[PDB]
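Form deposited in one PDB entry, single chain, as structure tokens, below.
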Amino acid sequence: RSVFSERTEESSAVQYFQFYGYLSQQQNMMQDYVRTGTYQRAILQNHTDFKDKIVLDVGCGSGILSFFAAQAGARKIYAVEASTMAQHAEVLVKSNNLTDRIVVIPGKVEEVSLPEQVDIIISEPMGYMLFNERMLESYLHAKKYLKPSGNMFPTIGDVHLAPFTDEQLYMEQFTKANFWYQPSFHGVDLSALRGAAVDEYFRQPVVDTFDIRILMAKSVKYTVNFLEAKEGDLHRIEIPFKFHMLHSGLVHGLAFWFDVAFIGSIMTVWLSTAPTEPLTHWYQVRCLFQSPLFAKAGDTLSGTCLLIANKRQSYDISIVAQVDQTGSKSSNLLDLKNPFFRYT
């Protein structure tokens, strides 16, 4: 019985920690040079935030970020990891001669014991669309170990939302679902399921990158301040929007990306997953509208993106939007945990 277990269906947790138990998965994240290189730079260039300090690494995986904290001179790093990756992290701490400075604690950060409070918490808890995984709440939970006035790296996260037009992506959903619109598939009329097939595809956020020319308005930003936020703040995330359209066309949905900032004593370093920046393993995420909206340049597209946390380590997404000048409206429900990994 913990904060984690009460928040999470055991079946989801098992699958989740199995996934991170593979060295190939740790390797996928490590190999993202923009990510891993930026974390390293953020920590090393802010060396005074680490020199002789006590550090907590929330979800250490291979231990990579803890090693950077050590390169920056930290005195003691508690590296907490809930998957079977904890044993491999331990092998690396030993082989890198760091047993006196990095202590791997196997288990959930919501369940383990730390022997002292820490000066700074480091973590990479970001899912696709930022919020997938609900590991941001683990990272916030971890502040129970933080000395008053302690820091967190990353310090803040921004999600960006912007409307897009992408007629080809939109038409691809019907193309796929029209498999079911056959009156005699081997003698069987499949047609009655075509609607259900359309709904299935539209419920999947599309994880992939895209050309910035699809974007039809300046993005709106929603910020989580990790120093100030409480876990409960991530249970219901309401993002209102009021887009002033830069281009006329059919709006087929909303595009999402995120940035995080490491606000150190020496400098602020940003890690961005924006479509204007080099590609990362996070890509970007698009949520389609099953009913597209016509807008002309100068119109306002208003509505809300509401994310409601669920016990499958993710969110139910509800996007409602309207063009203010016409009143035409579109309402959409998506299951963040089960997206379309279109980049594959």
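Note that residue numbering begins at 1 and tracks the sequence as displayed. We call the rigid core the largest set of C-alpha positions that still match within 1.5 Å between the two forms.
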* Of 68-76 and 197-205, which one has the bigger average CA B-factor? -> 68-76
* To do: Mind pulling up the entry and telling me whether 58-66 or 43-51 has the higher mean Cα temperature factor?
  => 43-51
* To do: From the list 139, 256, 131, 145, select the residue with the highest C-alpha B factor recorded in the entry.
  => 145
* To do: Go through 155, 273, 95, 178 one by one and give the residue whose Cα B-factor in the PDB entry is largest.
  => 95
* Structure fact -> Sorting the chain's modelled residues by C-alpha B-factor and splitting them into thirds places residue 109 in the middle
* Which third, lowest, middle or highest, does the CA B-factor of residue 293 fall in along this chain? -> middle
* Asked: Lowest, middle or highest third: where is residue 332 by C-alpha B factor in its chain?
  -> lowest
* Structure fact -> residue 191: CA B-factor among chain residues, third -> lowest
* Once the chain's modelled residues are ordered by C-alpha B factor and cut into thirds, is residue 216 in the lowest, middle or highest one? -> middle
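This protein has a second form, the form deposited in another entry, left out of what is shown; the following refers to that one.
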* If you fit the two forms on their rigid core, which residue out of 268, 71, 84, 182 shows a CA shift of at least 2 Å between this form and the one not shown? -> 182
* To do: Spell out whether the Cα of residue 191 moves at least 2 Å between this form and the one not shown when the two forms are superposed on their rigid core.
  => yes
